[PDB]
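Given next, in structure tokens, is a single chain: the form deposited in one PDB entry.
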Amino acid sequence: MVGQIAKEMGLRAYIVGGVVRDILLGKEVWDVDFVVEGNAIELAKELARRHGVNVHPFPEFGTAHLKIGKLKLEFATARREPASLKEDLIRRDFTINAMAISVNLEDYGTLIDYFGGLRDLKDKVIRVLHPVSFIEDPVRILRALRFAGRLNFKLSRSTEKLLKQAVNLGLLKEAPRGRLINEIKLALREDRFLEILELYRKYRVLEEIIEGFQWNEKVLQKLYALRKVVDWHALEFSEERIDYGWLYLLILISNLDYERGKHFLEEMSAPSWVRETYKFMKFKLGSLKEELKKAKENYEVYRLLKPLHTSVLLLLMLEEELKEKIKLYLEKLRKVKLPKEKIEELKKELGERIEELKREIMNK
């Protein structure tokens, strides 16, 4: 694979970063990151050569990206931004991300841990490499929590102190906006994203990001309830799955004004249906809940929930009194079908009579 060419080219290549951590944690990963002492670009192009695949070079970044099957390989030259592996490693964020495993033939299968990344790994501890790490790259403030959210890891004393410092220093607000938005977009893709929100509330990061944002108990409660509803729905219908991460985000921004909220969602590069759910949540949701509680017949609820998005209904299952109604619509009302002969007798305006018969049968 690599070590052959690394030996033939006299270079030294290493599997580096999150991939190594995932391997140690027994995680399946098809995305592989390499750091090389040598010329990594030529090594990558020669790998792509021998394998006969296509290689995208990046002279500016001094890196190369090549894909074999659905497996993606990124090769990078060791750099301090020559530079030894250690110097390339210490510039990264955390200890568990700071390790490497050699693919070179002599040392193959050797985990190289300078900073005790394995020590901090087994202790479930997120730890920065250097004391200025948060000031250096503010994104890490969020990142740590995310990892701490994902793996259920605790922040070390030093790390927590530095993090709280950098947060109180407000460096988060003066951080590059794009990278922050990216980190947030990556955070919501987590299944542990709710716990990440717990850490967010704990260290108050969102208050330093979004305009006029604060925390109250009702939002948190509706977030737990949201987790319940999401778990139940994901349990019942496996083919109806959507992205639930945005729903929590819509819960958080619920109390905020429409203008800045819309601007924020457009700033997040959010999907259509999400922002549509937001606009529908602001204005039309109140009268929706009103007329929903005012519905005597099941068919009326069917008519009301028919044009609605599924996410809107899932969001509507948060109400206790509306639970059985939503569950009824999902598991019964919308599954109703008809025979042939009846349609033929109706044909001797069509959809009207169809909805009429729907009204007839769905009330049983």
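One-based numbering along the sequence shown. The term rigid core refers to the maximal set of C-alpha atoms that superpose within 1.5 Å between the two forms.
Unmodelled deposited residues between residue 81 and residue 82: 10 or more, per the record. Per-stretch averaging of Cα B factors for 96-104 and 282-290 places 282-290 on top. When the two stretches 52-60 and 328-336 are set side by side, the higher mean Cα temperature factor goes to 328-336. Out of 304, 66, 29, 40, the entry records its largest CA B-factor for 304. Out of 135, 196, 247, 265, the entry records its largest CA B-factor for 265. In the deposited entry, the Cα temperature factor of residue 211 sits in the top third of values across the chain's modelled residues. The PDB entry assigns residue 20 a C-alpha temperature factor belonging to the lowest third of its chain's modelled residues. Per-chain ranking of the deposited C-alpha B factor places residue 2 in the middle third.
Sort the modelled residues of the chain by CA B factor and residue 13 lands in the lowest third. Per-chain ranking of the deposited C-alpha B factor places residue 178 in the middle third.
Beyond the structure shown, there is the form deposited in another entry, which is absent from this document and is the topic of what follows.
The one residue among 103, 139, 205, 285 whose Cα position changes by 2 Å or more between the shown form and the other one, with the core held fixed by superposition, is 285. Positional change of residue 311 between the shown form and the other one stays under 2 Å at the C-alpha, relative to the superposed core. After superposing the rigid core, the Cα of residue 29 is displaced by less than 2 Å between the shown form and the other one.
Once both forms are fitted on their core, a CA shift of 2 Å or more is seen for residue 260 between the shown form and the other one. Cα-Cα spacing of residue 260 to residue 138 is enlarged in that other deposited form versus the present form (difference of at least 3 Å).
Pairwise change in that other deposited form: residue 307 and residue 243 C-alpha atoms lie closer than in the shown form, at least 3 Å.
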